[PDB]
Amino acid sequence: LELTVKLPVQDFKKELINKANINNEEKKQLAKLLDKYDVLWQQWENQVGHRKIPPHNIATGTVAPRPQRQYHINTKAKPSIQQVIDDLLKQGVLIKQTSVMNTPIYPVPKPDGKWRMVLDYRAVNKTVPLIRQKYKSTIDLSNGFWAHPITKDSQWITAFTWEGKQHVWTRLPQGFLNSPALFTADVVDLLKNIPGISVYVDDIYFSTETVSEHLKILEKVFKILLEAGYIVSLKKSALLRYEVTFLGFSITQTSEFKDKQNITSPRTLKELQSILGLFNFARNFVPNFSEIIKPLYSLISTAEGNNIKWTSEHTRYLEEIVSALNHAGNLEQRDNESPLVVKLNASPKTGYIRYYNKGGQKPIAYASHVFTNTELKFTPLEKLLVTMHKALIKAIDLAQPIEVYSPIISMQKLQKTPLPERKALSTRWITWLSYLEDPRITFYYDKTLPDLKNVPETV
Amino acid sequence: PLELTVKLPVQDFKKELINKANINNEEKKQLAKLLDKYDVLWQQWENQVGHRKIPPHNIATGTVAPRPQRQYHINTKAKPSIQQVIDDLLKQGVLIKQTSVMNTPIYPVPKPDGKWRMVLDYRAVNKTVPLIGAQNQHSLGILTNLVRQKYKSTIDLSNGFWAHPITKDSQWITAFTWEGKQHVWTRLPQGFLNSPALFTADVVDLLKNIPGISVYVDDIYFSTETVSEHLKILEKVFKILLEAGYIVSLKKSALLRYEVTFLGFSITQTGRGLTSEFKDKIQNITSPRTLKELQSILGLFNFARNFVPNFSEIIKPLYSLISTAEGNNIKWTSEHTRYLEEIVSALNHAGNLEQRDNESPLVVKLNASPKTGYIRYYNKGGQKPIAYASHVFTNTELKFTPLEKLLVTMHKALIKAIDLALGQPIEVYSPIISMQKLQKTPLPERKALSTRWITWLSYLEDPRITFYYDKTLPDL
Amino acid sequence: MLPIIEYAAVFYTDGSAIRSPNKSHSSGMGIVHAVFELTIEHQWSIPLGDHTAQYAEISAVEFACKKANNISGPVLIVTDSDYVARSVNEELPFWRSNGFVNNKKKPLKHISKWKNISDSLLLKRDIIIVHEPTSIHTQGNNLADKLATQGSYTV
DNA sequence: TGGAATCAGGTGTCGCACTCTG
DNA sequence: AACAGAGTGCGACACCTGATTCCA
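For each chain, positions are counted from 1 along the sequence as written; this may not be the entry's numbering. Residues without coordinates are not shown. For naming, the first written chain is A and the first written ligand is 1, with later ones following in the order written. Hydrogens are left out, water is left out, and the side-chain values use all remaining heavy atoms of the structure. Residues with missing side-chain atoms are left out of burial classes, side-chain pairs and their counts.

Per the deposited record, the coordinates in this entry were obtained by cryo-EM to a resolution of 4.8 Å.

Shown next, in the form of structure tokens:
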């Protein structure tokens, strides 16, 4: 067993020891515990694990799909990627075999001069049917997808052309349609005996309230994993931290997404105009909306220029209208049979999502989100994308067919496009296509309710 | 040793090639000794074929057998030549007399010399066999992506398909009848669908490690700058071919030159361009008379559609003509002949092209006329375009406003620009002042379908592309 | 064309419409009288109720035409609607030639309003109907837009 | 004045012909 | 009476998107 490059695992261990804010004797015994399991980590780059579970079948498709063409690849990206593919062949997961199917491949540049290969499996995926404590710790799986062996009779689908020769995988391929669900199904009941754990695609999170229980659970989970046959990447994991990142959120002690809404005081005509535009939807179902809204129209009628005089009575009006909208007004019960439709929009400082059923008259539930400084310096598109991510999580949690109404246009373009112009896509569009692959969800653009200028939320 | 029928004058070939180089006398002596001391590499006989030191390949993957067939009439002229060819093959043991269940026809094909190449028809056999889809043969990408240097060289393999054997149980399909005798192949038979795929896969596998190499089927191309590295890489290639068991012909090959032909395109010190032979062929054409000849002429013209900025607009009436007439007869007019003369004259004034860099961002410049649209490509810091593109507006696109025309041209150019990018950032120069206002454009003014509009707007959020406004060369 | 210094007066017209709470739209009109430097002499902002933006613009143009008939000396009109001016200038002889019907041989919308426009233009034929749209009239258009918003938001 | 049924028309899949390179 | 690859075009159906038009 010889790799090509060996990572500085000792330095990462030292960094983890210092980064974890525990007692010094706690640190030393934790270091001893980590050291006693030295074979745990993949000190070799692209080191792959193994599973002894029976191989899975993934060629459940009934109609034969057509092959796809390939285009030339950059000379600069060739050396490193060739070393990677050679190592993968050496691991035995890849073999040289001749098959009917070919899959387009192309590289993308990493932050450094290195390149990363990606495989476009849209054609294949088209025709394959599917089926809180104070102490925190997070572990992750390094290329766990390459742990599930594939049946021999189903190997021919994943072949692709590199250096003029076909190559065939033996484990679950990256970016495949049903692969993440299958991997999650095995990993979740791999630990069905230990409560309090939380697994998502690749990361695994545990929470404890003491130190001894934390040590005991860590030792137990490590033994279970070593029995299973998986390997962990120390670089991307962290533990024993009061704050941690997971599911795109930051976790404090003992949530972030709320239901209060509320708005700070207006200062300009633009803010009041935007607020009126935002609340213009409410007239569809609120009978006494006109009486409450008349003071706002009176205020805008008399006012001139950008100077305004909004007394505390206007504050009482807006607070009352918010309470009336939110408390129990027309909030109907959800329908299981009806497909769920969600409409979302983003503000320069916050965002708002709404849920209906079959285009129902009344909202089902509300959502909100506050932008921290980290994303406050981001592009608007990134803000709206992360809000859409959070909204999709909530919607699938409350799910059944799902529809989304967003200012995004690229989503619907990617969802439906004829074959002759497939070509390639960006580094994040594949991550979102991971959702876009499943036809149970649809995306739409309507250009409704612009909110370029609005007051932020309260403190 | 080996004794074929016709002995070839190898010394004459060596003298001709060494005399045809641009090297000096000492350099010529070095190359002469290099070629001499690797004398085993080249063929010394007619129909000389090689052998490969690899495990065999099995093509017998079919499930149900087809029905054998018989031979139809044969041309009289080639009969002694084909008989000599078959006898020579028998001498080398490539073809063996043996009766089998299957039988396949024979068909001669004329060759540049008095000889005839051997080709066979496998219709039912190809119908009943699964196909290998490994795509590793794209001529246009090779000719648009190769690196150009001062001293160029190429090598062409000969009789390559005859050097890769087959498994013992899979040979029975290759059976064929000759003069009442049944014969079977030993190696990959030419005219078989998977044979080119296997051959190209093997050949590209050989030359992985050698830097700056372009490989296509039976041809290897490369250019370098100085004599020392050129000789080093050439001798390394010769050694790898020697261990590979392949064989090389002088006549089809040439090395150490300044201008050379490749895939029908002449590469020079300035860049790639058309050859004299194709110019002669196009200059010797006449007025078409039938639909078949018309389609042929237009295909020859379409072959070189990327050597002039304004190709598409002139050829359009000719394309419209074919739909008008029915059957073979075509209604000709003098204006069409005028168009033909104009096209051939424009081709006679064609200019050469350039290569595409892999280290610098690509640039595209686009413009629109009330009837057509023009697209050109460039590298950063360069001035001579890589290739030209032109689009003709249809009847539906005629009703579009000028912004719609510019935008549809934008899409129809970036559709291939994204392919040509090869991961590099893309900068666009257009006569449009801004794009945020384009997003701000209200609905009452536009007329085109919203389905086109969303596709057009999709390009705004691509992180890999940008835009720039420049007021240069306007027209209306 | 003659400079603005020669005509008796210039009229600045603008209309806006906004979605309303079982009421579809609320629209207001703003028209200012100027007599020539630039001196916008006086102002009129009027709401209409439930109609689209085009109804607001056409009501504004008849308002301007009738006050121009109240005004002595040839005057000019400027608005933010080029479509109405182009259509009238291109189809008026046909408009009262065919009996106030379109190319589809159908009475086009705003029949009485179009009749009023036509008779006002024909009785006072020395009037200028133009539309420029960054120039001098930008400020006048901005205040007129503000006036139209003020009219629309009145109820 | 506005609102929704019927209907003519653009976009997409798949078929055909021809060329060249080998 | 041949294949693989590439390039371009044209042509007959399918399906839906938008406009015309009638009616409240």
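S.K.: Explain the overall build of chain B to me, and be specific about the residues and the numbers.
M.R.: Across its full length, chain B carries 15 helices and 17 strands. Its C-alpha atoms put chain B at 80 × 60 × 45 Å along the principal axes. Here a residue-residue contact requires only that any non-hydrogen atoms of the pair lie within 4.5 Å. Considering only intrachain contacts with a sequence separation of at least 6, the fraction spanning at least 24 residues in chain B is 73%. Here a helix means four or more residues in a row that DSSP labels H or I, a strand means two or more in a row labelled E, and each is numbered from the N terminus.

S.K.: Explain the overall build of chain C to me, and be specific about the residues and the numbers.
M.R.: In terms of regular secondary structure, chain C is built from four helices and five strands. Helices and strands appear in chain C in the N-to-C order β-β-β-α-β-α-α-β-α. Scaling as 2.2 N^0.38, a compact globule of 155 residues should have a C-alpha radius of gyration of about 15 Å, and chain C matches this with 16 Å. Taken along the three principal axes of its C-alpha coordinates, chain C extends 45 × 40 × 30 Å. We compute the radius of gyration over the C-alpha atoms and compare it with the globule rule, which gives 2.2 Å times the number of residues raised to the power 0.38.

S.K.: Please provide a residue-by-residue account of the packing of helix 1 (residues 10-19) of chain B against helix 2 (residues 25-37) of chain B, values included.
M.R.: Residue and element names in this part refer to chain B. Taken N-terminus to C-terminus, the directions of helix 1 and helix 2 make an angle of 150 degrees; their axes are 10 Å apart at the nearest point. Classed by the angle they form, the pair helix 1 and helix 2 counts as roughly antiparallel. When the axes of helix 1 and helix 2 are compared, the crossing they make is right-handed. In contact with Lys 14, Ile 18 and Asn 19 of helix 1, helix 2 contributes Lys 28, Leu 31, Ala 32 and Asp 36. Residues were grouped as follows: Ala, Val, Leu, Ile, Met, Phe, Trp, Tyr, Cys and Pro as nonpolar; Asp, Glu, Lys and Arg as charged; and all remaining residues, including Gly, as polar. Of the residues contributing to the contact of helix 1 with helix 2, the split by class is three nonpolar, one polar and three charged. Simply put, an axis is a line fit to the C-alpha atoms, just over the touching stretch for a helix, and the angle between two N-to-C directions goes from 0 to 180 degrees. The labels follow the angle: roughly parallel below 35 degrees, roughly antiparallel above 145, roughly perpendicular from 65 to 115, and oblique for the rest. Each crossing is labelled by how the near helix is turned from the far one, with a counterclockwise turn of less than a right angle marking it left-handed and a clockwise turn marking it right-handed.

S.K.: I'd like to hear about the sheet that holds strand 1 (residues 9-19) of chain C, residue by residue, with values.
M.R.: Residues and elements named next belong to chain C. Between any two strands, pairing holds if DSSP finds at least two bridges. With mixed pairing, the five strands of this open sheet are ordered in space as 3-2-1-4-5. The outermost strands of the open sheet, each flanked by one partner alone, are strand 3 (40-49) and strand 5 (128-129). Looking at chain direction, strand 4 (residues 75-78) and strand 5 are connected through two bridges and run parallel. Each residue of the ladder has a partner; that of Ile 77, found in strand 5, is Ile 129. Contacts from helix 1 (residues 53-70) reach strand 1, strand 2 (25-34), strand 3 and strand 4, with the element oriented near 155 degrees to strand 1.

S.K.: So what's going on with the domain arrangement of chain B? Residues and values would help.
M.R.: Segment limits for the domains were obtained from an automatic or database-derived domain assignment. Taken as a whole, chain B is organised into domain 1 (1-273), domain 2 (276-348) and domain 3 (362-469). In this structure, domain 1 of chain B and domain 2 of chain B have C-alpha centres spaced 35 Å apart.

S.K.: Summarise the pairing of strand 3 (residues 135-140) of chain A; cite the residues concerned and give the values.
M.R.: Where strand 3 of chain A and strand 7 (residues 203-208) of chain A come together, six bridges link them in antiparallel fashion. For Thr 138 of chain A, the partnering residue across the bridge sits in strand 7 of chain A and is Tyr 205 of chain A.

S.K.: How would you sum up unusual backbone geometry? Please name residues and give values.
M.R.: Outside of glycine, negative phi angles account for most residues, and trans bonds account for most peptide bonds. Residue and element names in this part refer to chain B. Of note, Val 217 is a non-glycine position whose phi angle comes to about 55 degrees, a positive value. As for its placement among the helices and strands, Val 217 is situated in the loop between strand 7 (214-216) and strand 8 (219-224). One non-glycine residue, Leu 473, adopts positive backbone phi at about 55 degrees. Tracing the backbone through its elements, the reader meets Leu 473 in the segment after strand 17 (468-469).

S.K.: Tell me about helix 13 (residues 402-421) of chain B, and please be specific about residues and values.
M.R.: Residues and elements named next belong to chain B. Spanning 20 residues, helix 13 covers 27 Å between terminal C-alpha atoms, matching the ideal 28 Å at 1.5 Å per step. Note that the bend at a residue is defined as the angle between axes fitted to the seven residues ending at it and the seven residues starting at it. Along helix 13, the sharpest change in direction is near 30 degrees and occurs at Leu 414. Just past helix 13, the residue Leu 422 takes up positive phi, approximately 55 degrees. A helix is expected to reach a length of 1.5 Å times the quantity of its residues less one.

S.K.: How would you sum up the pattern of salt bridges? Please name residues and give values.
M.R.: Note that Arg 122 of chain A and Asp 120 of chain A form a salt bridge whose closest N and O atoms lie 2.9 Å from each other. Residues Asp 462 of chain B and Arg 464 of chain B are paired through a salt bridge, measuring 3.1 Å at the closest nitrogen-oxygen approach. Salt bridges, as used here, are contacts in which a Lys or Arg side-chain nitrogen is within 4 Å of a carboxyl oxygen on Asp or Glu.

S.K.: Account for the packing of helix 9 (residues 291-303) of chain B against helix 10 (residues 311-324) of chain B, with residues named and values stated.
M.R.: Residue and element names in this part refer to chain B. Axis separation between helix 9 and helix 10 bottoms out at 11 Å; the angle between their running directions is 160 degrees. Put simply, helix 9 runs roughly antiparallel to helix 10. In this structure, helix 9 meets helix 10 at a crossing whose hand is left-handed. On helix 10, the residues that touch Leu 294, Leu 298, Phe 301 and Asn 302 of helix 9 are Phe 311, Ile 315, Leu 318, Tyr 319 and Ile 322.

S.K.: Kindly report on the packing of aromatic side chains, identifying the contributing residues and their values.
M.R.: Residue and element names in this part refer to chain B. Two rings belonging to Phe, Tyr or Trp (six-membered ring only in the last case) form a pair when the distance between their centres is within 6.5 Å. Interplanar angles under 30 degrees mark stacking, angles over 60 mark edge-to-face geometry, and anything in between is tilted. Here the aromatic rings of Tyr 72 and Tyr 107 are separated by 5.7 Å at their centres, their planes lie at 65 degrees, and the arrangement is edge-to-face. Of this pair, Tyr 72 sits in the loop between helix 2 and helix 3 (79-91) while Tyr 107 sits in strand 2 (residues 107-110), and the two are 35 residues apart along the sequence. Summarising the aromatic geometry, the rings of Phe 278 and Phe 303 are spaced 6.3 Å apart at their centres and angled 50 degrees between planes, so their arrangement reads as tilted. One end of the pair, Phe 278, is in helix 8 (residues 276-283); the other, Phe 303, is in helix 9, with 25 residues separating them in the sequence. Grouping aromatic residues by their ring pairs yields a cluster made of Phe 265, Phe 278, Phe 303 and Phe 307. Against the face of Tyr 38 rests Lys 37, its NZ or CZ located 3.5 Å from the ring centre. The criterion is that NZ of a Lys, or CZ of an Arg, lies within 6 Å of the ring centre and within 35 degrees of the ring normal, and then a charge sits over that ring. Of note, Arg 446 hangs over the ring of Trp 453, and the distance from its end group to the ring centre comes to 3.5 Å.

S.K.: A description of the sheet that holds strand 9 (residues 254-257) of chain B should follow, citing residues and the corresponding values.
M.R.: All names here are of chain B. Taken in spatial order, the four strands make up an open sheet running 7-8-4-9, and their pairing is antiparallel. Among the strands making up the open sheet, the edge pair consists of strand 7 and strand 9. Ignoring strand direction, the axes of neighbouring strands in this sheet form an average angle of 10 degrees. With two bridges connecting them, strand 4 (residues 151-156) and strand 9 associate as antiparallel partners. From the neighbouring strand, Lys 152 faces strand 9, where its bridge partner is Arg 257.

S.K.: So what's going on with the environment of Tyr 200 of chain A? Residues and values would help.
M.R.: Residue and element names in this part refer to chain A. Topologically, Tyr 200 is positioned in strand 6 (residues 198-200). Distance from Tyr 200 to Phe 160, taken between C-alpha atoms, is 29 Å for residues 40 residues apart in sequence. With residues near it in sequence (within four places) discarded, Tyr 200 still touches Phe 246, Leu 247 and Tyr 435.

S.K.: Describe the interface of chain A and chain B, listing the residues and the values that go with them.
M.R.: Across the boundary between the two partners, chain A contributes 32 residues, which contact 29 residues of chain B. Secondary-structure elements contributing two or more residues to the side of chain A that touches chain B are strand 5 (165-167), helix 12 (410-415) and helix 13 (427-436) of chain A. Counting residues per element, the side of chain A that touches chain B draws most heavily on helix 12 of chain A, which supplies three residues.

S.K.: Now, about the pairing of strand 13 (residues 362-368) of chain B: what can you tell me, with residues and values included?
M.R.: Residue and element names in this part refer to chain B. Where strand 13 and strand 14 (residues 372-379) come together, seven bridges link them in antiparallel fashion. Note on strand 14: the bridge partner recorded for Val 363 is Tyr 378. The hairpin turn running from strand 13 into strand 14, its antiparallel successor, is three residues long. Here strand 13 pairs with strand 16 (residues 426-430) via four bridges, running parallel. Bridging from a neighbouring strand, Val 364 pairs with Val 428 of strand 16.

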